[PDB]
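Before any comments, here is the structure.
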Amino acid sequence: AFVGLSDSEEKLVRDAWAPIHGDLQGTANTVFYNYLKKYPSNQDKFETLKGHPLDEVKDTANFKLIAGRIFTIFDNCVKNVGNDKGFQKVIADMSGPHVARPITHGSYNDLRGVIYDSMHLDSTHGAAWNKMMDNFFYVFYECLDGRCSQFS
Ligand code: HEM
């Protein structure tokens, strides 16, 4: 279920994300590349990247736009870490286009893991981060399952 974060945990999340927030596009490009390189089956899910060698598409605007849009959502989630309804809305709106996409929870969770590994967080910030991410996926999966209105 959704579990609100304390004011202290909210600060921990903001601080944990700070490095990435300060280099959002750069981080996005690297993480997305590492994600598709470690879990190559996922490249085909992105119709614009499908059929090309990963090292070939990594430098294209298209690849960068995708990585950027993904991280922009996470950035806005962190922005709303202190407002559950707002946090939920960011995810609800983004969930729509994924509902009809043939993507497994494994794929989504693997991306979560690549992001976590890149942050190298200590356990205090990690706990707060995982609380926010658990909320992220609770909302995201509820929405993919057709139960997004509960957050309205
Ligand atoms: C859970 C973290 C994710 C976030 C925050 C996120 C966010 C977004 C956003 C904002 C868009 C653009 C609007 C649209 O839906 O067209 C998008 C598009 C898309 N996403 Fe995600 N996404 C995530 C994970 C994934 C995963 C794990 C996959 C599958 C490997 C995936 C596949 C796609 C595809 C195929 C598109 C559209 C293709 C395109 O625009 O060229 N996404 N995503």
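By convention in this document, the chains of the structure tokens carry letters A, B, ... by their order, each chain's residues are numbered from 1, and ligands are numbered from 1 in the order they are shown.
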
**OP:** Using only C-alpha atoms and all ligand atoms, find each protein or nucleic acid residue lying at most 6 Å from ligand 1; present the set as a PyMOL selection string.
**Re:** chain A and resi 42+45-46+48+69-70+73-74+94+97-98+103+107-108+111

Per residue of stretch 31-85 of chain A within 12 Å of stretch 14-21 of chain A, note the shortest atom pair and the distance in Å to one decimal, counting only C-alpha atoms, and order the rows by chain and increasing residue number, as a Markdown table.
| residue | atom | partner | partner_atom | distance |
| --- | --- | --- | --- | --- |
| A:31 | CA | A:20 | CA | 10.6 |
| A:68 | CA | A:21 | CA | 11.7 |
| A:71 | CA | A:21 | CA | 9.2 |
| A:72 | CA | A:21 | CA | 9.3 |
| A:73 | CA | A:21 | CA | 11.6 |
| A:74 | CA | A:17 | CA | 9.5 |
| A:75 | CA | A:21 | CA | 6.8 |
| A:76 | CA | A:21 | CA | 10.1 |
| A:77 | CA | A:14 | CA | 10.2 |
| A:78 | CA | A:14 | CA | 6.4 |
| A:79 | CA | A:14 | CA | 7.9 |
| A:80 | CA | A:14 | CA | 9.9 |
| A:81 | CA | A:14 | CA | 8.1 |
| A:82 | CA | A:14 | CA | 10.0 |

Output C-alpha atoms for every residue in the selection just made, as a tab-separated table (two decimals), in the first residue's frame.
chain	number	residue	atom	x	y	z
A	31	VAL	CA	21.47	5.02	-16.54
A	68	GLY	CA	15.16	12.42	-20.34
A	71	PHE	CA	14.08	10.92	-15.44
A	72	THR	CA	11.88	14.01	-15.62
A	73	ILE	CA	9.06	11.95	-14.11
A	74	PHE	CA	11.31	10.78	-11.28
A	75	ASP	CA	12.48	14.37	-10.79
A	76	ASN	CA	8.86	15.51	-10.48
A	77	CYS	CA	8.14	12.67	-8.07
A	78	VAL	CA	10.95	13.85	-5.81
A	79	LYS	CA	9.56	17.39	-6.18
A	80	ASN	CA	6.26	16.04	-4.84
A	81	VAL	CA	7.68	13.69	-2.21
A	82	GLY	CA	5.92	15.80	0.43

Original post:
So which one's closest to residue A:49, A:62, A:142, A:67, A:105? Using only C-alpha atoms, please.
Top reply: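 Of all the options, A:62 lies closest to residue A:49.
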
**OP:** Could you give me, as an MDAnalysis selection string, the residues within 10 Å of residue A:96, counting only C-alpha atoms and dropping anything in the same chain fewer than 4 positions from it?
**Re:** chainID A and resid 91:92 100:101 140 143:144 146 148

Emit the selected residues as a PDB file, in the first residue's frame, including N, CA and C atoms.
ATOM      1  N   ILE A  91       2.544  10.164 -11.326  1.00  0.00           N
ATOM      2  CA  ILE A  91       2.593   8.777 -11.766  1.00  0.00           C
ATOM      3  C   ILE A  91       1.347   8.379 -12.553  1.00  0.00           C
ATOM      4  N   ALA A  92       0.174   8.760 -12.054  1.00  0.00           N
ATOM      5  CA  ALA A  92      -1.074   8.426 -12.731  1.00  0.00           C
ATOM      6  C   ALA A  92      -1.050   8.898 -14.178  1.00  0.00           C
ATOM      7  N   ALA A 100      -1.093  -0.156 -22.092  1.00  0.00           N
ATOM      8  CA  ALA A 100      -1.192  -1.067 -23.232  1.00  0.00           C
ATOM      9  C   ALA A 100       0.138  -1.600 -23.734  1.00  0.00           C
ATOM     10  N   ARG A 101       1.223  -1.245 -23.054  1.00  0.00           N
ATOM     11  CA  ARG A 101       2.544  -1.707 -23.471  1.00  0.00           C
ATOM     12  C   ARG A 101       2.882  -3.054 -22.845  1.00  0.00           C
ATOM     13  N   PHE A 140       2.019   3.098  -9.547  1.00  0.00           N
ATOM     14  CA  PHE A 140       2.203   2.733 -10.942  1.00  0.00           C
ATOM     15  C   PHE A 140       1.501   1.421 -11.282  1.00  0.00           C
ATOM     16  N   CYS A 143      -2.245   1.567 -11.139  1.00  0.00           N
ATOM     17  CA  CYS A 143      -2.736   2.233 -12.337  1.00  0.00           C
ATOM     18  C   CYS A 143      -2.687   1.311 -13.560  1.00  0.00           C
ATOM     19  N   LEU A 144      -1.625   0.521 -13.690  1.00  0.00           N
ATOM     20  CA  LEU A 144      -1.530  -0.400 -14.823  1.00  0.00           C
ATOM     21  C   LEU A 144      -2.640  -1.441 -14.725  1.00  0.00           C
ATOM     22  N   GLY A 146      -5.589  -0.903 -13.755  1.00  0.00           N
ATOM     23  CA  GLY A 146      -6.892  -0.282 -13.930  1.00  0.00           C
ATOM     24  C   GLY A 146      -7.535   0.256 -12.661  1.00  0.00           C
ATOM     25  N   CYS A 148      -6.462   3.259 -11.021  1.00  0.00           N
ATOM     26  CA  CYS A 148      -5.786   4.543 -10.863  1.00  0.00           C
ATOM     27  C   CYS A 148      -6.687   5.601 -10.235  1.00  0.00           C
TER      28      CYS A 148
END

Original post:
Which of these residues is nearest to residue A:41, using only C-alpha atoms: A:113, A:104, A:55, A:123?
Top reply: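 Comparing A:113, A:104, A:55, A:123 against residue A:41, the winner is A:104.
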
Subject >> Members of chain A assigned alpha helix (DSSP H) by DSSP, as JSON, numbers by chain >> reply: {"A": [7, 8, 9, 10, 11, 12, 13, 14, 15, 16, 17, 18, 19, 20, 21, 24, 25, 26, 27, 28, 29, 30, 31, 32, 33, 34, 35, 36, 37, 38, 54, 55, 56, 57, 61, 62, 63, 64, 65, 66, 67, 68, 69, 70, 71, 72, 73, 74, 75, 76, 77, 78, 79, 84, 85, 86, 87, 88, 89, 90, 91, 92, 93, 94, 95, 96, 97, 98, 99, 105, 106, 107, 108, 109, 110, 111, 112, 113, 114, 115, 116, 117, 118, 119, 123, 124, 125, 126, 127, 128, 129, 130, 131, 132, 133, 134, 135, 136, 137, 138, 139, 140, 141, 142, 143, 144]}

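Rounded to one decimal, atom CA of residue A:95 and atom CA of residue A:5 lie 21.9 Å from each other.
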
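Minimum distance to residue A:34 across A:137, A:129, A:118, A:151 (counting only C-alpha atoms) occurs at A:118.
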
**OP:** For residue A:126, list every protein, DNA or RNA residue within 10 Å, evaluated using only C-alpha atoms, and leave out those in the same chain fewer than 6 positions away; present the list as a PyMOL selection string.
**Re:** chain A and resi 12-13+16+116+119-120+132

Original post:
Rounded to one decimal in Å, what is the spacing between atom CA of residue A:133 and atom CA of residue A:60?
Top reply: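 Here the two named atoms are 29.0 Å from each other.
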
**OP:** Check the smallest atom-to-atom distance from each of A:36, A:66, A:99, A:57 to residue A:141 using only C-alpha atoms, then report the winner.
**Re:** A:99

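Between atom CA of residue A:26 and atom CA of residue A:40 the separation is 20.6 Å.
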
Subject >> Of the listed residues A:150, A:112, A:145, A:38, that which approaches residue A:130 most closely, counting only C-alpha atoms >> reply: A:112
